[PDB]
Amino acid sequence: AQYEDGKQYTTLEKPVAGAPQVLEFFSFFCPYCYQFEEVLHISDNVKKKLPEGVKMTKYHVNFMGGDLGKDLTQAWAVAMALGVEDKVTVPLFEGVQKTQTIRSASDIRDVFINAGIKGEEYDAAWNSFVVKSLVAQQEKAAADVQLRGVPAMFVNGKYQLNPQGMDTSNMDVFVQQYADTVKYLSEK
C-alpha cells in the first residue's frame, strides 16, 4: 500500500525474460534525459542504492534525432565496447543540447578524440562487428519492452518506473524517492 502498481511503477503486461536487472533507456536528443543525467544525476543515485550484485545497463535509442540518432546509438555502442562511457556522456549531452555543435558523425568522433581515445582506436571499433552486435542488442531490448518513450527504466524485466507519481519541488527528495523505489522493486 506504500508502493502501488499504477502509482510509482507499472507492471509489464508481457514480462521480459533474461532482461538486465536494471535497464535504463535514453537519447542524447531527449531534453528530460539531459535533466535526468546532468542535473538530477538519477543513474548515480540509483547505483549508490542498489543491492550488491545488481548491475545497471544503459542503452541509447534510435527513435529521436533521425540520422544523427542512429549515429549516436552506434557511438554509444563504441563507448560501451571501449569502456569509456564515463568519459563521453557529458560532452555528448552538452554537444547535442548545450552547444549544439554535434551535427554529424564526424562531430561525434571529435568528442571521443578530445576525450583521449585514439583516432585509429575509434575508427576500428566504429566499424567492428563487436560494435554491430552491441547496436543490435540495444535495439532488441527496446523491442522487447515495446519502448515508445525516454527516459525509461525497467527492473527485473517486469516493472517500469513511473516518475509521474512523485513530487518535484525538491530535486534531492524526488531523486531519493526514485532511487528507493528501484531498490524496492529490485528486491521484490
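Throughout, we count residues from 1 along the sequence that is shown.
Asker: Report the stretch with the higher mean CA temperature factor, choosing between 47-55 and 131-139 on the basis of the entry.
Answerer: Comparing averages over the C-alpha atoms only gives 47-55.
Asker: Please work out which of 159-167 and 64-72 has the higher mean CA B-factor as recorded in the PDB entry.
Answerer: Comparing averages over the C-alpha atoms only gives 159-167.
Asker: Per the entry, which of 12, 179, 23, 173 tops the list for Cα B factor?
Answerer: Highest C-alpha B-factor among the listed options: 12.
Asker: What third of the chain does residue 86 rank in for C-alpha temperature factor, lowest, middle or highest?
Answerer: Top third by C-alpha B-factor.
Asker: State the tercile, meaning the lowest, middle or highest third, of residue 27 with respect to the CA B-factors recorded for its chain.
Answerer: Ranked within chain, residue 27 CA B lands in the lowest tercile.
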